[PDB]
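Protein chains in written order, with PDB author numbering: chain M, 1596 to 1661, 1671 to 1755, 1787 to 1818, 1845 to 1874, 1901 to 1941; chain B, 345 to 572; chain C, 413 to 467; chain D, 345 to 568.
Since the structure comes first, as structure tokens, the remarks are kept for the end.
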Amino acid sequence: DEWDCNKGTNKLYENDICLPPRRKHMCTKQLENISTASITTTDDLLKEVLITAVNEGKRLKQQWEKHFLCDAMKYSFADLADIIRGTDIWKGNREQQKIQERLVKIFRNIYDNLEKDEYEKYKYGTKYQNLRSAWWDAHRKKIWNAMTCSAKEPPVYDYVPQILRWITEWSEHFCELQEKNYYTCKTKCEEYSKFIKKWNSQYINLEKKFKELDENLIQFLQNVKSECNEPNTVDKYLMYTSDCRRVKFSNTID
Amino acid sequence: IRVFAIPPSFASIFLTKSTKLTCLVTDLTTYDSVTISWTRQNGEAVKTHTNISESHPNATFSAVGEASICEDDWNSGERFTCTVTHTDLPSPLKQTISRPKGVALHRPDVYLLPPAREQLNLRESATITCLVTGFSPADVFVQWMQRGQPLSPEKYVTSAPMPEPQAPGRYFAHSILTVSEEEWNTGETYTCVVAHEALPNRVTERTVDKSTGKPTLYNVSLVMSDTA
Amino acid sequence: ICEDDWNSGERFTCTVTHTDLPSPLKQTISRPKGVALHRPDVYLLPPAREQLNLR
Amino acid sequence: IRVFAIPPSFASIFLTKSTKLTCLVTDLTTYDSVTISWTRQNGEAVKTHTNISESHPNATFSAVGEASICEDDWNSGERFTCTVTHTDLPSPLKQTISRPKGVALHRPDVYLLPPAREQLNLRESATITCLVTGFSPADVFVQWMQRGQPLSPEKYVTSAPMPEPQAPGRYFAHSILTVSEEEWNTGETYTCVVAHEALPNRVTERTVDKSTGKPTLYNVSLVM
Ligand SMILES: *[C@@H]1O[C@H](CO)[C@@H](O)[C@H](O)[C@H]1NC(C)=O
Ligand SMILES: *[C@@H]1O[C@H](CO)[C@@H](O)[C@H](O)[C@H]1NC(C)=O
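Written out as structure tokens, the structure is:
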């Protein structure tokens, strides 16, 4: 349940973001161990993605049995969407570089075996991510159906940029664990002091980069500023289900 | 009334993968019985104006035709005829275009340049420049490719061929592209494809990377002492 | 012929007549279809160290 | 009538160490009273020929023979004659085959090239070349050895000898060994073995791993 927010190799870029634990220890071995020689068509690529979705679903099902499962599975689907779409952040991981190095082969072969009325539309781009996103949006409905076999409508958080979603898992996890914290008192008191200080600077470091309100990140921020009547807020007011903005977060023990 | 016809250049042929011809009429509004046709110098009608362009409201008619089948014949320099005929005009108006001859065909010599250290230190954005130079005909089309895919034409900017002072017949040009600092510290490859008439293969590629410029030796002589 | 005719796949037929042949022999050809496409990946390699020692 | 005799080469006499012969007759009657035998130049009869192939359904005839011979007897120059006689064609046929003699002799120079950095960067597989060159008799057998156990034949190919551009009589060849990139990172030695007559011994061996090719970098010098 540690987020490992120090730089290390968690994120290449110098800005500090705290990686969720759900990103770490995923069953990405199916796409990791792909053979670009044996696969050159869209139909064969869909099946393995469906298999990976099934493995992720059963992994989460086994992990939880060691609505909350639905939320975690929702954000895991969004994370896998970002992995397939090629806009993921975790470039520092040596394992995750190979996946984004060998999906290029598959989608280059797909772009090579295309026809003229789509060749001119998908000719220009960078790292083939335009037709990668097109392929995802074409086959997005089937993947979640295979994922939801373990234990409808297509999820919408997959279009949300990853950093704000990471904020949402942080909010859910912290409210869950502070509910877990409490429900003589001298024995319990000293752990809460260490409970605050293990995550004390975890809130402040991200707040310094909430300014300047990536290329696609800014447009979503501008559009959401027009609605919800709260353009500039350090708290998103999405699924917080508790008090926010430092009200009971810090020094609540006394 | 006036009709202007311009021939396609190497950039249009390379990008469109076909030969497109224009026989465009200026200062002529919409009337009836307007005839435009591109015919062979020998006399036969090689191609008609199928899917004729709609007249522009401001006294302009496009009337473009495609000589797609005869790619080499345009390069041969054979003369083309446009037949413009209207009821008011007694004598049909003709437009003639052909490939020029006699110009020199000196080859380009591209040299791709890595970004400066001062720009890299500020950690904002690196600008890789592609100094195409030496070509005798003034027609160059430059694209940028990353991992076998042409980059969008928004990210790079190409300057027009400028005359070179040292030699009369030769010219030069340049282009830039704004790579992010992260994507260049990662060490990716960028290619500057140049398309020109004088190249025997008619295309040339060059590559740059983070490893393109590095020093070799680091001879250091630490001479720590205690007595001066 | 122009390359645009050949790559479009327009079927062409060959006509040959001879006194020996009671009937003309005709052969047809077109660009093969149904194949797959893949791009080469050139890796230019440098010479071995040992060979340069022989100079 | 067509009677073909295939003399043995280094592949047959060295891969299995048995200088088998063969009588391959083709384009004749499918079913006929067939005589298949080999005869030495002196005239003694060879041993039995077993497992003659059945008639090829395309009206062509097929026959298989084997004649074990002494190894240096084939080198001794004894001309061997395959006997073919049919009732359809009453004329018997005897065809003489012998190894070429008088050809020049030259030693192979095996060089082994490590994979390029870009190929490793693709993170799929590394292909290792084995550049046999400079051998005149235009025959060679190339096999790959990993850690001293034989390697699967499916994991490599070999080109036929082709004339050297700047040598009138010599030849060269090629062989790629598609090793997995992960197996190359955890250092495992691969090596070539070249089979050729002109070597002082039968075979010559060369090997390259990541340790080979790395030059000196750190000239740390301490001065009193
Ligand atoms: C490098 O420095 C050493 C002294 O530290 C000097 O002797 C040597 O000549 C230098 N290298 C070159 C190439 O000049
Ligand atoms: C390494 O240092 C020694 C010290 O004397 C010198 O002689 C030699 O040339 C150096 N070699 C290289 C490759 O720098």
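For every residue, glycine included, the Cβ atom is placed at its ideal position computed from N, Cα and C.
With 16 or more other Cβ atoms inside 10 Å of its own Cβ, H540/B counts as buried. In the three-state reduction of the DSSP assignment, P497/D falls in the helix class, which pools H, G and I. The secondary-structure analysis by DSSP pairs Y534/B across a beta bridge with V552/B. Secondary structure note for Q1733/M: its alpha helix (DSSP H) is the uninterrupted segment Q1733 to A1742. Taking a beta-carbon distance threshold of 8 Å, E462/C counts as an interface residue toward chain D.
Closer than 8 Å to the CB of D416/B there is at least one CB belonging to chain C. About 7 Å separates the beta carbon of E415/B from that of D416/C, a gap short enough to meet the 8 Å contact definition. In this structure, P436/C is the residue among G421/C, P436/C and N419/C with its C-alpha nearest to the C-alpha of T427/C.
Closer than 7 Å to some heavy atom of ligand 1: that describes the Cβ of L561/B. Using a Cβ-Cβ cut-off of 8 Å, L457/D counts as an interface residue toward chain C, since at least one Cβ of chain C sits closer than that to its own.
Rounded to the nearest angstrom, the Cβ distance from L1874/M to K1859/M is 30 Å, too far for a contact under 8 Å. Contact between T477/D and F424/D does not hold, since their C-beta atoms are separated by about 33 Å, which reaches or exceeds 8 Å. About 12 Å separates the Cβ atoms of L368/B and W382/B, ruling out a contact at the 8 Å cut-off. In this structure, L1867/M places its C-beta atom within 8 Å of the C-beta atom of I1612/M. Distances between the C-beta of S565/B and the heavy atoms of ligand 2 are all 7 Å or more. The three-state reading of DSSP puts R1932/M in coil, since its state is none of H, G, I, E or B. When the Cα atoms are used, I1857/M and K1935/M turn out to be separated by approximately 11 Å. Across the structure, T1848/M and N1861/M are spaced so that their CA atoms are roughly 21 Å apart. Contact residues of the stretch 1723-1743 of chain M toward chain B are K1727, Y1728, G1729, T1730, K1731 and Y1732 (C-beta to C-beta distance below 7 Å). Under the Cβ criterion of 8 Å, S412/B is counted among the residues facing chain C. Taking a beta-carbon distance threshold of 8 Å, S555/B does not count as an interface residue toward chain M. When the beta-carbon positions are compared, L464/D and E525/D come within less than 8 Å of each other. Within chain M, not a single residue places a beta-carbon under 9 Å from that of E541/D; the smallest gap is close to 38 Å. The bridge partners DSSP lists for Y515/D are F479/D and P507/D. Within chain D, the residues whose beta carbon sits less than 7 Å from that of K1702/M are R467, listed in sequence order. Among the residues of the stretch 383-398 of chain B, none has a Cβ less than 7 Å away from any Cβ of chain C. Remark: C-beta atoms of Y1679/M and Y1794/M do not approach each other more closely than 8 Å. DSSP places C1915/M outside both helix and strand once states are collapsed to three, so it counts as coil. When secondary structure is reduced to three states using DSSP, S381/B falls in the strand class. The three-state secondary structure of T471/B, taken from DSSP, is strand. Apart from sequence neighbours up to five positions away, the residues of its chain that approach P1790/M with a beta-carbon distance below 8 Å are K1678, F1681, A1682 and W1748, ordered along the chain. Between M506/D and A482/D, the alpha-carbon positions lie close to 8 Å from each other.
Put simply, the stretch 1719-1736 of chain M does not touch the stretch 1630-1643 of chain M. Fewer than three CB pairs are less than 8 Å apart. Within the stretch 425-443 of chain B, contact with chain M at the beta-carbon level (separation under 9 Å) is assigned to no residue. In chain order, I1940 place their CB closer than 6 Å to the CB of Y1853/M, counting only its own chain and leaving out the 5 sequence neighbours on each side. The stretch 1919-1927 of chain M makes no contact with the stretch 441-460 of chain B, as fewer than three CB pairs between them are under 8 Å.
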